[PDB]
Amino acid sequence: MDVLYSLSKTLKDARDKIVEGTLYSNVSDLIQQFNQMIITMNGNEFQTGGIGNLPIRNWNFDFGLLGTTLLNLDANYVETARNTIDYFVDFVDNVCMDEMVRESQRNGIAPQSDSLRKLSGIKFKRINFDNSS
Amino acid sequence: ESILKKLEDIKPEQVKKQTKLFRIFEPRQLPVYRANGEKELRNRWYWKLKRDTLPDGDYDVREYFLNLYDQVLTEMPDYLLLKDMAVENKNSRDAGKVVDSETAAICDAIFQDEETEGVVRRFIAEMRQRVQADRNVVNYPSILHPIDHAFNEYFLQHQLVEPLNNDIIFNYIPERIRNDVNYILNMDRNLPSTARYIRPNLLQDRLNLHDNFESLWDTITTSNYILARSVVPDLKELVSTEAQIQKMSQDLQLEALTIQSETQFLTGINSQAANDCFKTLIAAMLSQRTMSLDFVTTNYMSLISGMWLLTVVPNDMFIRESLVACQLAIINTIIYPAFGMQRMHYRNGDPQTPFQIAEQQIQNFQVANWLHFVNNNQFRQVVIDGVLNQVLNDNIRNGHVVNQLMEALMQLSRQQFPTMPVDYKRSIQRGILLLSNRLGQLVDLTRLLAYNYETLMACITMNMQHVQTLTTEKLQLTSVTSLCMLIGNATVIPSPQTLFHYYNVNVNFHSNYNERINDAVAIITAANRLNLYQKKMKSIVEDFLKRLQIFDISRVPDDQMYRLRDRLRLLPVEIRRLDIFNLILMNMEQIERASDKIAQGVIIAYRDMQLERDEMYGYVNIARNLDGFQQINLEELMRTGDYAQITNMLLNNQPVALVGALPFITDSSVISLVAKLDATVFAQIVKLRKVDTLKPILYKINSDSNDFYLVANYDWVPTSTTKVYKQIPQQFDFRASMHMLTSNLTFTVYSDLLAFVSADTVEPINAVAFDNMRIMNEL
Amino acid sequence: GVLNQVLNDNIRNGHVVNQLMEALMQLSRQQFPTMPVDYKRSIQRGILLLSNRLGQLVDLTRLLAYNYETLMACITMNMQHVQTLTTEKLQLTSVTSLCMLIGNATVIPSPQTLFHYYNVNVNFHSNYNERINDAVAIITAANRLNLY
Amino acid sequence: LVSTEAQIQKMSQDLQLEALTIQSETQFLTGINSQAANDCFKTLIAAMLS
């Protein structure tokens, strides 16, 4: 749950802060966190299940890092970041939906979807950052 | 250079060929005796150790078996053709062949012996080889002890040769060299289906010597740097140094009667320096050796050349202090004076580099953007074709960063220098003009550097680890100025022969590294599993480092060697070595019990026990097992030296079994047995508190004894109070010992695959880069 | 009946050296924020010089503790801990020599060396007590004989 | 004991003292020898015993 929230928070920060013309110093830490997320998620295969009418969806992560070369973010940087962020947002939204539609009588607080259960592994703890909600 | 000689003298791998079957046992004729001890007219064949040299003491026996493991690893071949071992079997009905000549000797001895059964002679007459030429297979009859058969069968079934063909030879070339359109590869031979080759063991570094072995990694990186220097191509058709100096003098407007900074701009401009800079840059990036920047702050041309160098080379390739000094000189000489900013007061040990502070402080977009790029220009760690590589930014590869740098320099030239005398601005402008009159040449040079770097990087087999090294390679900024000022339009790319030589040297070093790792790991694991607690393993690691051929072990302390031992101890053993050691572990007890020099122990009982009947001994006081007897371990007693228990047991006549590899006296005298001498050989233990001198008596009572009539004339079965914990030899069954060893009828093994590939280059004028454009484009 | 100054069990088995290693390994990863980078590198590499000898230092600690215990078994007078007027000056360069040059050759006191040390200690203690007895006897005799 | 030459070279290579600006470049590794190690061993154990 902390890893999923951190993924969503990183994506929201990327959407809000990676904008055309912005100083890189405004996003340096955000870019580092986003690249950490990319590194952690790369090479992992996820599946969001077919409970109810939810389609079964398979997610592969093979993204390259966001650049660190521009003093001010330009349109091309924003477009590449937008592509990556769109894929990640789709994944996170599907994971959230797959988790919301499941319940357990024994351990209802624990993750029920297999994607969130996988994200609860230690290898994803690196993605975790600010929890302010 | 001696380092280059050492690194290029490493041969690929000494290929081992088997000339005879590995044997630990041989048949031997022994006189046999009847149940009453009378000698039979017939003899009998028994399995006996070929070299019975087992030592005294269990620890020494385990040491002997470690040595035997080393011997078997030495004798294990890479491939085997049994027709080489095949010899004529003179008693074969079809005049066939057997392997090895030792088998032929056994067959002749058995066949010629009058005591041999006719069925065995029939069997020897049927022993011949079968050739299946269609499958390229041959089976040969061989006579082997079961352990010998196990070892030889493992050798036969686990050879290292694989089929070789033109496709394999072509794919042996790195994928990036084959994909390059600047090289044309050709072959003039069709390798037959019987061609063979041995793959190099290109496993990546299992010791991670780049992590916490800083001296060893410094040596490795120095060797890599020297080799890279040896293979980096030489610049051709460089601009004439005299003409370039004349042109620079005209551009700088040198004045005889005035002291001017611009004069120093001409310092150290020559073709030797340019070639040295080219080689140093490419070799340092290839070997990932840290570089040190040498420059004089009074030479502003050095600072402009350093601006270019920091633009093209990632800044982690330079030691931090030198990079900081160069950046501070650039900031305080070119940038801040140009923009009228107060001289930067930079603190030694600042977390930020001078360029980062300047980037935060500079309001000019072009200069600040170039500063940001230089700050964030890093290598990219990418696994290409299974090897970790440090890849340059694509803008460096295509040379656009040169355009960004030139934009920054042109912005600097347009500044007013408000607080400086006009001559200072003139000198800075003149240096920038010297650099900017060669903008296209600088783009070409950047592209050439990147292309040569990646082409030679395709030839690296071991992971390129980016870690700052203990020592650095000094790079004079005047050499960078020479390279910038003298580079022409001639494209130089690595020769295909140079690329193949570099790749072969890297492969040889990598394979030797892995093979020596395997040897050391196997030895260490075997010693641990053989419980050799008194063995100091420094010798193993010392031999390992010596065989790597690039370290001076005199300079390596013992602590580092034991750290290497600890790292090696965690690695799994290679499959062939591990299985050979498994065979040795399985069969070492039997091999030891086959020895005639030592016994497995001595049972001191204090009651009459009848001597056992065994055909090859007559009557013998042998114990097959230590059942019903308390055991004293002689190795533990010798290690601890506490003889209280054994002394008390010997003084109290308490039956016991002293267990451990012991030498024994063979005594055939019946009178000696009646006199009970075997029971008189244990008081020295109590007297001297030593057991290394213990030598129990092994009675061998039969008709060859002088006083055997006592046995025969009194219906008397000999008895003794002491027994020797020993095994009797296994009989030699000729039919059971016959095995059909199968191998390939014939093949040819090849060493250097690239010898079959002839490669050439396209015209350098038309050589292209990754972006499909020519590497150099200036007129 | 003899007072003895004994070490923590973690010193005797040499385990605490690991902790030391741990600590200084951390010191090798530290930033040293404002320190010049070359001096920082030298300090961290010296820290690693000591760190990478973890096995040798554990062996040295165990050897030192064992030798101390074995020789302390031969002490017959109470080991009283007092801050003395003068000290034995110990060079930290000698400590560096011991740390960086110790191998794996165990050296323990010889049985004859232990017996000789115990005999010397016993002789000194017995002479001390006997001379105390002689002095006390003579003083008491002089006082009881009224030898003012 | 570990070879004094080998350990001295190792320490010099790791410390890189010559490349520094330390006013005492030679004094850094002085006193690092087998005799000093034996003296330290004896001094420590003897001081603790006495």
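Don't worry about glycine lacking a Cβ; one is built from the backbone with ideal geometry, like all the others, and counts go over all protein chains shown. Bear in mind that the values in this text are calculations on the coordinates, not laboratory data.
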Checklist entry - Which of D:13, D:23, D:35 moves most in a GNM of chain D, Cα contacts under 10 Å? => result D:23
Item to check | Tensor-based shape of chain D (alpha-carbon gyration tensor, a/c under 1.5 rounded, otherwise prolate or oblate) | outcome: prolate
Checklist entry - Can you list the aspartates and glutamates whose alpha carbon sits under 12 Å from that of residue B:279, skipping same-chain ones fewer than 8 residues off? => result B:234, B:473
Checklist entry - Out of B:80, B:475, B:245, whose Cα points farthest toward the positive end of the dipole of chain B (charges: +1 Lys, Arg; -1 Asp, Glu; placed on Cβ)? => result B:475
Next on the checklist: Tell me the relative contact order for chain A as a rounded percent, counting alpha carbon contacts under 8 Å between residues six or more apart.
Outcome noted: 38
Checklist entry - Radius of gyration and Dmax for segment B:190-248's Cα atoms, expressed in Å? => result 22.3, 66
Checklist entry - What's the exposure ranking of C:9, A:13, A:114, B:579, going from fewest to most Cβ atoms within 10 Å? => result C:9, B:579, A:114, A:13
Checklist entry - Magnitude of the Cβ-charge dipole of the protein assembly as shown, K/R +1 and D/E -1, about the Cα centre, nearest 20 debye? => result 1280
Checklist entry - Taking +1 at the Cβ of each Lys and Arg and -1 at the Cβ of each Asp and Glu, which of B:586, B:212, C:119 sits farthest along the dipole of the protein assembly as shown towards its positive end, judged by Cα position relative to the Cα centre? => result C:119
Next on the checklist: Just to be sure I understand: if I project the alpha-carbon convex hull of chain A onto a plane and average over all orientations, what area do I get in nm²?
Outcome noted: 8.5
Item to check | Built amide H within the under 5 Å cut-off of residue B:622, gap 5+ | outcome: B:612, B:724
Checklist outcome for this item: Taking every DSSP bridge whose two residues both lie in the protein assembly as shown, the antiparallel percent to the nearest 5 is 75
Checklist entry - So how long is each side of segment B:382-465 along the principal axes, counting just the alpha-carbon atoms, biggest first, in Å? => result 57, 23, 15
Checklist entry - Out of D:1, B:157, C:91, whose Cα points farthest toward the positive end of the dipole of the protein assembly as shown (charges: +1 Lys, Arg; -1 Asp, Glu; placed on Cβ)? => result C:91
Checklist outcome for this item: Over the protein assembly as shown, the sum of -39500 (n - 2.57) across DSSP H runs of at least four, divided by residue number and rounded to 500 deg cm²/dmol, gives at 222 nm -15000 deg cm²/dmol
Checklist outcome for this item: Residue-ordered couplings for segment B:346-357, obtained by feeding phi - 60° into the Karplus form 6.51 cos²θ - 1.76 cosθ + 1.60 and rounding to whole Hz (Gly and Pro as x), are 9, 8, 4, x, 4, x, 9, 6, x, 5, 5, 4
Checklist outcome for this item: With Cα springs under 10 Å, the Gaussian network model of chain A assigns the largest mean-square fluctuation among A:48, A:22, A:69 to A:69
Checklist entry - Which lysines does residue B:39 reach when only Cα atoms under 21 Å apart count, and residues fewer than 8 places away in its own chain are ignored? => result B:48, B:700
Next on the checklist: With Kirkwood's inverse mean 1/r over C-alpha pairs for Rh, give me the Rg to Rh ratio of segment B:196-342, two decimals please.
Outcome noted: 1.10
Checklist entry - How well do other chains shield peptide C:31-39, expressed as the mean number of their Cβ atoms within 10 Å of each residue Cβ? => result 5
Next on the checklist: Can you give the log10 of the normalised intensity I(q)/I(0) at q = 0.15 Å⁻¹, computed with Debye over equal Cα scatterers of segment C:10-148?
Outcome noted: -0.97
Checklist entry - Could you give the alpha-carbon Rg of segment B:715-756 over 2.2 N^0.38 Å, rounded to two decimals? => result 2.94
Checklist outcome for this item: Once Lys and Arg are counted +1 and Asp and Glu -1 for all other residues with Cβ under 13 Å from that of residue B:597, the total becomes 0
Item to check | From the C-alpha gyration tensor of the protein assembly as shown, square roots of 5λ in Å | outcome: 71, 48, 31
Checklist outcome for this item: With 0.36 nm assigned to each residue of separation and the Cα-Cα distance removed, residue B:14 to residue B:28 gains 1.4 nm
Item to check | Violating pairs (Cα-Cα greater than 24 angstrom) within the set B:597/B:723; B:597/B:690; B:17/B:597 | outcome: B:17/B:597
Item to check | Sorted by Cβ neighbour density within 10 Å, fewest at the top, the residues B:217, B:716, B:45 | outcome: B:716, B:217, B:45
Next on the checklist: I need the Debye-formula profile for chain B: one equal scatterer per C-alpha, no solvent, reported as log10 I(q)/I(0) at q = 0.05, 0.07, 0.08 1/Å, two decimals.
Outcome noted: -0.47, -0.72, -0.83
Checklist entry - Once you charge only the Cβ atoms, +1 for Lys and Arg and -1 for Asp and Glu, what is the size of the charge dipole of chain B about its Cα centre, to the nearest 20 debye? => result 500
Next on the checklist: Residue by residue through segment B:46-51, what is 3J(HN,Hα) from phi via Karplus (6.51 cos²θ - 1.76 cosθ + 1.60, θ = phi - 60°)? Round to whole Hz and write x for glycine and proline.
Outcome noted: 10, 7, 9, 4, 4, 10
Next on the checklist: Give the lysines whose C-alpha is closer than 17 Å to that of residue D:42, dropping any in the same chain fewer than 8 places away, or say none.
Outcome noted: C:89
Checklist entry - If you rank B:255, B:592 by fewest surrounding Cβ atoms within 10 Å, what's the result? => result B:255, B:592
Next on the checklist: Could you work out how much longer the chain between residue B:60 and residue B:245 gets when fully extended? Use 0.36 nm per residue separation minus the Cα distance between them, nm to one decimal.
Outcome noted: 58.9 nm
Checklist outcome for this item: For residue A:88, the net charge from surrounding residues (Cβ-Cβ under 13 Å; K, R +1; D, E -1) works out to -1
Item to check | Relative contact order (%) - chain B, alpha-carbon pairs under 8 angstrom, separation at least six | outcome: 23
Item to check | Selected from A:61, A:34, A:91 as most flexible by GNM, with chain A as the system and alpha-carbon contacts under 10 Å | outcome: A:61
Checklist entry - Over all distinct Cα pairs, what is the inverse of the mean 1/r for segment B:675-727, reported as the Kirkwood hydrodynamic radius in Å? => result 13.2
